[PDB]
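Take a look at the structure below.
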Amino acid sequence: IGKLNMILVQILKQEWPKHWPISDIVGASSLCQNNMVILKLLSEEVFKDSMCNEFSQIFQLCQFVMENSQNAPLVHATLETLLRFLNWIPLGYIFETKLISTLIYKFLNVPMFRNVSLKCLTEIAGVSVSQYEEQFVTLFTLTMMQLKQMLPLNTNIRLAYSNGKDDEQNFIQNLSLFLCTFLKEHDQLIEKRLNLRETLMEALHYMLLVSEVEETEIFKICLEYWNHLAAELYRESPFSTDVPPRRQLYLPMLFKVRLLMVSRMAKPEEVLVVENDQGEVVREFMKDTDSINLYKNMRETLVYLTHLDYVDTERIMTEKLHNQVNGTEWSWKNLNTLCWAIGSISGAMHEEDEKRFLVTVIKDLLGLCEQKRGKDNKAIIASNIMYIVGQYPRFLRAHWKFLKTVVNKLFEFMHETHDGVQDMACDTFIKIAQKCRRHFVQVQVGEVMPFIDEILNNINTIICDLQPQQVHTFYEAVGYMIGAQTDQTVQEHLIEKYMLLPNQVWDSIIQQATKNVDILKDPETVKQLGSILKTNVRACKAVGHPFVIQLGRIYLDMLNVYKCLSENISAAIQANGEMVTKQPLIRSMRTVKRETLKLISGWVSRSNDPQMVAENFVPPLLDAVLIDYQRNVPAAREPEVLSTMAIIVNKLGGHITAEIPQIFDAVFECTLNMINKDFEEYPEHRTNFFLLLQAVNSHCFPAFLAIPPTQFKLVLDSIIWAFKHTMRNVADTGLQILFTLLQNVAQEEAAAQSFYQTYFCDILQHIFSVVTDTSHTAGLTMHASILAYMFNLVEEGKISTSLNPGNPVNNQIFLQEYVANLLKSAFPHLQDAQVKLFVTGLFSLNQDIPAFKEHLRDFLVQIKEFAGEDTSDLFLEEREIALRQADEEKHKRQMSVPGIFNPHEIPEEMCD
Ligand SMILES: *[C@@H](CC(=O)NNc1cnccn1)n1cnc(-c2cc(C(F)(F)F)cc(C(F)(F)F)c2)n1
């Protein structure tokens, strides 16, 4: 039978609404199950209004069979088929006939059909129309009356699911789905009925009970429902906490919802230390895409619920915590979840209320800590307390004494030997310093000297046990702390003391190399240089422009080291082969080179005085890098060279234009040959290459007129290869570069005319080739813009030269028959008059980009329809725009609700 199903599937793929526009349903008039399975298969071959009215033929027979047949397998199959086709069957059939009553009385109460029957009702609940309001109300009230008998509220759904059979678990899931969907789409319908409120409480009670099922999927469904309900009630009246109607109706059970939320809170990402299944405390090692989304939903729900009632949230939390300190419920799981909840509602709340809540929370946590002696408990408590103080910079910035105590204890934790406590401490140290910079540098109340100095004077001891990654983390934190010091005369000394330890190591290594360069081949020396350069990169990332004070100190030695490592690795590769790059020592040297380039790129991207950058830093970099990049084989070419060139060109523009020819002489031709041959070989080099090309085109276009034309040929060839590419991102970048290049070249007279005569027809031919080929339909707007631009330039007469070399002819007419011939070649079946009309319209629309786009799209769509080809992807950008608009709207809404985003996530950093 499988072969028949596959053959029918393939036949359906061959344009069902054209080749087979439902007739087989007649055969069901013992065989009905075969029909139902066939349509079940068809239900996924279907992806608007695909002649959907003929689904009524399915529904009529389904009602007939449903109303009259007792064959349980057949009933199940028919119910499944209807479950699929409720997405399209006309509404005037489902809501008018005996359907709802028929299955709610005849099947929903029967185990053989319970799950499918409830799923069918879920799909009916999924219909979202203002019509049939009374039928929806009847559906919900009757379904509740049924499932009340079938699953009484007194049942402990947690236990029933945990020990329940597979079908029972599926029934619990389907009940959750039905309740969630129906209340989402019709709660206002139910709430408007005074007498039904008790049944609404029954639904809410079911939601509470089913929310306690452990399995992640069930709780995800319940959480989505709770998120919807909380959002709706919050938006009913978000400014206060008399009660509005809906909130008044839901309040009698909101408390249980908050208790559920706090009890079951998922792990935040910032918590590195977790309890392992074997009963021990360890650092986290894996992540799940489910966890992040579940945590985000959990945070949304709980922040909405807190906005609904602040006092009650405080009460709940403070009581759970008072309980766990008392030892009534002491357990790492409970404390972890409670502290995750305490940190998750960070923000929101209010200022004085947050202070009041956190004072008691910190007191209770400290006492709990001071009571538990076991090392595992001491780690769990420390981790949780770190998470709390990490998520509440608002509290810290108002209490200097506590902030200093937290920082000192965090340093004490940095020495703690436990697996993940050090990482927790350093990550929290960033989260503190980043969001509380000014307090560290400004002399606070009572103290004599800024806290940054107590850090720097003891930095070596503070970093006397850290893993190198944690060392870079800590240096980045200190970098943020210094970065806020506005006084340059003090910031320079702070930087010098700040960098003093790695600068000492650097000076030692440089002195050793000067005495003998062979030291650079020692793996330990290379590793230390890599660590120092990573520290410098992170410090530059933090401090920003003032980092030049440190950078200029070591710049020349850094480039000398780069040259020495370049020579070493190049000689090694030349002597022993390309695979030499795989050796750990060679990889470490390449890491040193990569970090040098990254440091320069990082500093330049934040520099604000391009003149001095061009004068001092650029020429040594070019001398040290370009020849190496040209000479090395692909296996040893650093893509960070291209990235740095992109960044430097972007920042400097006209100040570096004179150097562009050399850069292209060294890089361009060498790198291009690596990209073209095989697409996947060097994705990073490809990306950095097109970044460089876009930057130089945008900010240093005159360079293209300086380089020899034989190489500008390669530039245009690379751009054309770029937009003809298959992958979306590279094609988009190619189109952007092409359009910018046209705009730029339009401004230089002789260059404009020569470029037109040499390439205009080639570029147009390639653009129409890609458009007709449709291989990159997503960029059709850019294609329309480019085509319109060229059509305008020719139409306005700005192309003074005759495009045809051999024929004295008008440019407009010439381009007209040229594009007509091109279109005819692409699609030989097009008629002459059709193409003539299309080209005349297209030319007439050169002045209006949206109109041009829609004209071209309509022409291409009718070509597809002649070919019978799918037109869905030809509107892909529009649908993508819709998705982006929806996402941006959601983001816009979330920022309006305090607490949904972490204090370390909002761009709107409050003062201090
Ligand atoms: C409790 C253990 C402790 O802090 N001190 N025990 C002593 C004191 N004197 C002599 C002998 N033993 N404990 C565990 N964790 C914390 C704690 C952690 C943090 C954080 F920054 F790491 F999150 C901060 C603080 C605070 F509130 F700043 F004190 C305490 N305390």
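Chains: A, B, ... in order of the structure tokens. Residues: from 1 per chain. Ligands: from 1, in order shown.
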Find the nearest atom pair between each residue of chain A and ligand 1 for residues within 7 Å, count only C-alpha atoms and all ligand atoms, give distances in Å to one decimal, sort rows by chain and ascending number, and present the table as CSV.
```
residue,atom,partner,partner_atom_place_in_ligand_line,distance
A:362,CA,ligand 1,27 (F),6.5
A:366,CA,ligand 1,31 (N),5.6
A:369,CA,ligand 1,1 (C),4.4
A:370,CA,ligand 1,1 (C),4.9
A:378,CA,ligand 1,14 (C),6.0
A:381,CA,ligand 1,15 (N),6.1
A:382,CA,ligand 1,15 (N),4.2
A:383,CA,ligand 1,23 (F),6.7
A:385,CA,ligand 1,23 (F),4.2
A:386,CA,ligand 1,23 (F),3.1
A:387,CA,ligand 1,23 (F),6.7
A:389,CA,ligand 1,23 (F),6.0
A:402,CA,ligand 1,28 (F),6.1
A:405,CA,ligand 1,28 (F),4.6
A:406,CA,ligand 1,28 (F),3.4
A:407,CA,ligand 1,21 (F),6.2
A:409,CA,ligand 1,21 (F),5.5
A:410,CA,ligand 1,21 (F),4.7
A:413,CA,ligand 1,22 (F),6.6
A:425,CA,ligand 1,22 (F),6.6
```
| said: Please list as a PyMOL selection string every residue within 10 Å of residue 169 of chain A, counting only C-alpha atoms and excluding residues in the same chain fewer than 4 positions away. | reply: chain A and resi 115+157+160-165+173-175+213+215+218
| said: Please determine, counting only C-alpha atoms, which residue among A:812, A:372, A:256, A:88 has the shortest atom-to-atom distance to residue 796 of chain A. | reply: A:812
| field | Shell of 12 Å around residue 659 of chain A, only C-alpha atoms, local chain residues under 2 positions omitted, as a PyMOL selection string | value | chain A and resi 614-615+618-619+621-623+626+645+648-649+652-657+661-666+696+700+702-704+706-707
| message | What's around residue 781 of chain A at 9 Å? Count only C-alpha atoms, leave out sequence neighbours fewer than 4 positions away in its own chain, and write the answer as a list in words. | response | residues 777, 785, 786, 849, 850, 853 and 877 of chain A
Deliver the residues from the most recent selection as a file, using N, CA, C and O atoms, as a PDB file, in the first residue's frame.
```
ATOM      1  N   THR A 777      15.436  35.461  -5.824  1.00  0.00           N
ATOM      2  CA  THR A 777      14.217  36.260  -5.821  1.00  0.00           C
ATOM      3  C   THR A 777      14.121  37.176  -4.611  1.00  0.00           C
ATOM      4  O   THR A 777      13.526  38.254  -4.693  1.00  0.00           O
ATOM      5  N   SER A 785      15.551  48.182  -8.001  1.00  0.00           N
ATOM      6  CA  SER A 785      16.204  49.467  -7.827  1.00  0.00           C
ATOM      7  C   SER A 785      17.353  49.600  -8.805  1.00  0.00           C
ATOM      8  O   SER A 785      17.398  50.552  -9.597  1.00  0.00           O
ATOM      9  N   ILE A 786      18.166  48.554  -8.922  1.00  0.00           N
ATOM     10  CA  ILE A 786      19.322  48.669  -9.794  1.00  0.00           C
ATOM     11  C   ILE A 786      18.856  48.865 -11.220  1.00  0.00           C
ATOM     12  O   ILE A 786      19.248  49.827 -11.891  1.00  0.00           O
ATOM     13  N   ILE A 849      10.207  53.545  -7.820  1.00  0.00           N
ATOM     14  CA  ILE A 849      10.762  52.237  -7.469  1.00  0.00           C
ATOM     15  C   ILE A 849       9.673  51.237  -7.105  1.00  0.00           C
ATOM     16  O   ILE A 849       9.709  50.107  -7.618  1.00  0.00           O
ATOM     17  N   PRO A 850       8.711  51.552  -6.236  1.00  0.00           N
ATOM     18  CA  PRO A 850       7.677  50.549  -5.932  1.00  0.00           C
ATOM     19  C   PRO A 850       6.864  50.153  -7.150  1.00  0.00           C
ATOM     20  O   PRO A 850       6.564  48.967  -7.336  1.00  0.00           O
ATOM     21  N   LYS A 853       8.951  47.900  -9.281  1.00  0.00           N
ATOM     22  CA  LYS A 853       9.027  46.588  -8.655  1.00  0.00           C
ATOM     23  C   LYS A 853       7.763  45.789  -8.922  1.00  0.00           C
ATOM     24  O   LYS A 853       7.827  44.621  -9.315  1.00  0.00           O
ATOM     25  N   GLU A 877      10.275  38.290   0.047  1.00  0.00           N
ATOM     26  CA  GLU A 877      10.732  39.440   0.810  1.00  0.00           C
ATOM     27  C   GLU A 877       9.568  40.104   1.519  1.00  0.00           C
ATOM     28  O   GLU A 877       9.658  40.412   2.715  1.00  0.00           O
TER      29      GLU A 877
END
```
| field | Nearest to residue 452 of chain A by atom-to-atom distance, counting only C-alpha atoms, from A:2, A:602, A:483, A:620 | value | A:483
| Residue set, segment 586-642 of chain A restricted to alpha helix (DSSP H), as number ranges by chain | A: 586-606, 610-612, 618-631, 639-642
Atoms kept (N, CA and C atoms) for selection, written as a compact mmCIF listing (two decimals), in the first residue's frame:
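Writing done, so here's again_13.txt:
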```
# COMPACT_ATOMS: atom_id res chain seq x y z
N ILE A 586 52.41 25.99 15.51
CA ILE A 586 52.04 26.87 14.41
C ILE A 586 50.68 27.49 14.66
N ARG A 587 49.75 26.70 15.20
CA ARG A 587 48.43 27.23 15.51
C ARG A 587 48.51 28.31 16.57
N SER A 588 49.38 28.14 17.56
CA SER A 588 49.56 29.17 18.58
C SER A 588 50.14 30.44 17.97
N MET A 589 51.12 30.30 17.08
CA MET A 589 51.67 31.48 16.41
C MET A 589 50.60 32.19 15.60
N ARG A 590 49.78 31.43 14.87
CA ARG A 590 48.70 32.04 14.12
C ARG A 590 47.68 32.70 15.04
N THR A 591 47.48 32.14 16.23
CA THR A 591 46.62 32.80 17.21
C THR A 591 47.21 34.13 17.66
N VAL A 592 48.53 34.17 17.84
CA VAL A 592 49.18 35.43 18.19
C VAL A 592 48.94 36.46 17.10
N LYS A 593 49.12 36.06 15.85
CA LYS A 593 48.89 36.97 14.73
C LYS A 593 47.43 37.43 14.70
N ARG A 594 46.51 36.49 14.89
CA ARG A 594 45.09 36.83 14.88
C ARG A 594 44.77 37.83 15.97
N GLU A 595 45.33 37.65 17.17
CA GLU A 595 45.04 38.56 18.26
C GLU A 595 45.67 39.93 18.03
N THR A 596 46.85 39.99 17.41
CA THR A 596 47.40 41.29 17.05
C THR A 596 46.45 42.03 16.11
N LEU A 597 46.00 41.35 15.06
CA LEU A 597 45.09 42.00 14.12
C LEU A 597 43.79 42.39 14.80
N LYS A 598 43.27 41.53 15.67
CA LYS A 598 42.03 41.84 16.37
C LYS A 598 42.21 43.04 17.29
N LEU A 599 43.36 43.15 17.95
CA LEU A 599 43.61 44.30 18.81
C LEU A 599 43.61 45.59 18.00
N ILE A 600 44.33 45.59 16.88
CA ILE A 600 44.35 46.80 16.06
C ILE A 600 42.95 47.13 15.56
N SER A 601 42.22 46.13 15.08
CA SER A 601 40.87 46.37 14.59
C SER A 601 39.98 46.93 15.69
N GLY A 602 40.05 46.33 16.88
CA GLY A 602 39.22 46.79 17.98
C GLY A 602 39.50 48.24 18.33
N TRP A 603 40.78 48.59 18.45
CA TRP A 603 41.09 49.98 18.79
C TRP A 603 40.63 50.93 17.69
N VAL A 604 40.92 50.60 16.43
CA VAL A 604 40.60 51.52 15.35
C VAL A 604 39.10 51.71 15.23
N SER A 605 38.33 50.64 15.41
CA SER A 605 36.88 50.75 15.28
C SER A 605 36.29 51.72 16.29
N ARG A 606 37.00 52.01 17.39
CA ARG A 606 36.53 52.96 18.39
C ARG A 606 37.30 54.27 18.37
N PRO A 610 40.87 60.07 13.14
CA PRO A 610 41.46 59.33 12.01
C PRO A 610 42.76 59.92 11.50
N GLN A 611 42.96 61.23 11.65
CA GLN A 611 44.18 61.84 11.14
C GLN A 611 45.42 61.19 11.74
N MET A 612 45.47 61.10 13.07
CA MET A 612 46.64 60.53 13.72
C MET A 612 46.75 59.04 13.47
N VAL A 618 48.90 53.37 10.58
CA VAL A 618 48.60 52.64 9.35
C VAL A 618 49.86 52.17 8.63
N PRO A 619 50.85 53.01 8.36
CA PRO A 619 51.96 52.59 7.48
C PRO A 619 52.72 51.40 8.05
N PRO A 620 53.04 51.40 9.34
CA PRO A 620 53.69 50.20 9.90
C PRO A 620 52.84 48.95 9.74
N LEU A 621 51.53 49.07 9.94
CA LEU A 621 50.66 47.92 9.77
C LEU A 621 50.71 47.40 8.34
N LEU A 622 50.63 48.31 7.37
CA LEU A 622 50.67 47.89 5.98
C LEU A 622 51.98 47.17 5.68
N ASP A 623 53.09 47.77 6.09
CA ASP A 623 54.39 47.17 5.83
C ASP A 623 54.49 45.79 6.45
N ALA A 624 53.98 45.63 7.67
CA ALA A 624 54.12 44.36 8.36
C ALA A 624 53.19 43.29 7.82
N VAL A 625 52.02 43.66 7.31
CA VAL A 625 50.96 42.69 7.04
C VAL A 625 50.86 42.34 5.56
N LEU A 626 50.85 43.35 4.69
CA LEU A 626 50.39 43.11 3.32
C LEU A 626 51.27 42.09 2.60
N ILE A 627 52.59 42.23 2.73
CA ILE A 627 53.48 41.32 2.01
C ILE A 627 53.28 39.90 2.51
N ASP A 628 53.13 39.75 3.83
CA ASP A 628 52.89 38.43 4.39
C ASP A 628 51.63 37.82 3.80
N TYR A 629 50.55 38.60 3.78
CA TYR A 629 49.29 38.06 3.29
C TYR A 629 49.41 37.64 1.84
N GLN A 630 50.13 38.43 1.04
CA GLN A 630 50.33 38.08 -0.36
C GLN A 630 51.14 36.79 -0.49
N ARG A 631 52.22 36.67 0.28
CA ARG A 631 53.17 35.58 0.07
C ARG A 631 52.68 34.24 0.61
N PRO A 639 42.44 35.68 7.78
CA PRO A 639 41.31 36.52 7.37
C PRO A 639 41.19 37.80 8.18
N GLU A 640 41.77 37.85 9.38
CA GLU A 640 41.73 39.08 10.15
C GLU A 640 42.45 40.22 9.46
N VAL A 641 43.34 39.94 8.51
CA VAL A 641 43.90 41.00 7.69
C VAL A 641 42.80 41.71 6.92
N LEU A 642 41.93 40.95 6.27
CA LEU A 642 40.82 41.56 5.55
C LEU A 642 39.89 42.31 6.49
```
| field | Counting only C-alpha atoms, the residue of A:422, A:322, A:92, A:903 that sits nearest residue 395 of chain A | value | A:903
| message | Residues within 8 Å of segment 35-50 of chain A, please, as a list in words. Count only C-alpha atoms; anything in the same chain fewer than 2 positions from it doesn't count. | response | residues 5, 9, 12, 13, 17, 24, 25, 27, 28, 31, 32, 33, 52, 77, 78, 80, 81, 84 and 85 of chain A
Residues of the last selection are to be written out with C-alpha atoms, as a PDB file, in the first residue's frame.
```pdb
ATOM      1  CA  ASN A   5       0.457   6.326  -1.107  1.00  0.00           C
ATOM      2  CA  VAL A   9       1.577  12.008  -2.995  1.00  0.00           C
ATOM      3  CA  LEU A  12      -0.768  15.613  -5.706  1.00  0.00           C
ATOM      4  CA  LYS A  13       2.531  17.496  -5.837  1.00  0.00           C
ATOM      5  CA  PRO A  17      -5.763  22.185  -7.986  1.00  0.00           C
ATOM      6  CA  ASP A  24     -12.336   9.969  -5.060  1.00  0.00           C
ATOM      7  CA  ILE A  25     -14.542  10.709  -2.064  1.00  0.00           C
ATOM      8  CA  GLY A  27     -15.705   5.762  -3.629  1.00  0.00           C
ATOM      9  CA  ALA A  28     -16.278   5.822   0.128  1.00  0.00           C
ATOM     10  CA  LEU A  31     -13.481   1.571   1.836  1.00  0.00           C
ATOM     11  CA  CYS A  32     -14.051   4.846   3.707  1.00  0.00           C
ATOM     12  CA  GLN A  33     -10.968   4.182   5.847  1.00  0.00           C
ATOM     13  CA  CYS A  52     -11.346  25.049  -0.682  1.00  0.00           C
ATOM     14  CA  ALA A  77      -9.664   7.709  10.961  1.00  0.00           C
ATOM     15  CA  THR A  78     -12.547  10.019  10.054  1.00  0.00           C
ATOM     16  CA  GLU A  80      -8.264  12.419  12.241  1.00  0.00           C
ATOM     17  CA  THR A  81      -9.126  13.492   8.699  1.00  0.00           C
ATOM     18  CA  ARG A  84      -6.719  17.977   9.576  1.00  0.00           C
ATOM     19  CA  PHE A  85      -9.339  19.632   7.352  1.00  0.00           C
TER      20      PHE A  85
END
```
| task | Could you check which of A:690, A:517, A:755, A:884 is closest to residue 732 of chain A, using only C-alpha atoms? | result | A:690
Compile a residue-level contact table for segment 353-458 of chain A against segment 484-493 of chain A at a cut-off of 9 Å, reporting for every qualifying residue the shortest atom pair and its distance in Å to one decimal, with only C-alpha atoms counted, rows ordered by chain and ascending number, as a Markdown table.
```
| residue | atom | partner | partner_atom | distance |
| --- | --- | --- | --- | --- |
| A:437 | CA | A:484 | CA | 5.9 |
| A:438 | CA | A:484 | CA | 5.9 |
| A:441 | CA | A:485 | CA | 6.4 |
| A:442 | CA | A:485 | CA | 8.2 |
```
How about saving the chosen residues, C-alpha atoms kept, as a PDB file, in the first residue's frame?
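Saved file part.pdb follows:
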```pdb
ATOM      1  CA  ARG A 437      31.202  51.935  36.624  1.00  0.00           C
ATOM      2  CA  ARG A 438      31.098  55.412  38.125  1.00  0.00           C
ATOM      3  CA  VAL A 441      36.064  55.563  40.301  1.00  0.00           C
ATOM      4  CA  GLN A 442      34.286  58.311  42.227  1.00  0.00           C
TER       5      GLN A 442
END
```
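With only C-alpha atoms as the basis for measurement, A:346 is the residue among A:336, A:687, A:346, A:810 that approaches residue 302 of chain A most closely.
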| message | Measuring between only C-alpha atoms, which one of A:525, A:71, A:306, A:156 shows the shortest distance to residue 512 of chain A? | response |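 Among the listed residues, the smallest separation from residue 512 of chain A belongs to A:525.
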| Which neighbours of residue 873 of chain A fall inside 8 Å, counting only C-alpha atoms, when residues of the same chain fewer than 2 positions from it are skipped, and could you give them as a VMD selection string? | chain A and resid 777 to 778 870 to 871 875 to 876
Output file for the residues above (C-alpha atoms, as a CSV table (one decimal), in the first residue's frame):
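Here's the written file out03.csv:
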```csv
chain,number,residue,atom,x,y,z
A,777,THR,CA,14.2,36.3,-5.8
A,778,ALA,CA,14.5,37.5,-2.2
A,870,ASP,CA,5.0,28.3,-7.8
A,871,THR,CA,4.7,32.0,-7.2
A,875,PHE,CA,6.8,37.4,-2.6
A,876,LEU,CA,9.3,36.0,-0.1
```
| query | So which residues touch residue 570 of chain A within 7 Å, counting only C-alpha atoms, skipping near sequence neighbours fewer than 4 positions away, as a list in words? | reply |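 Skipping anything fewer than 4 positions along the chain leaves residues 566, 574 and 632 of chain A.
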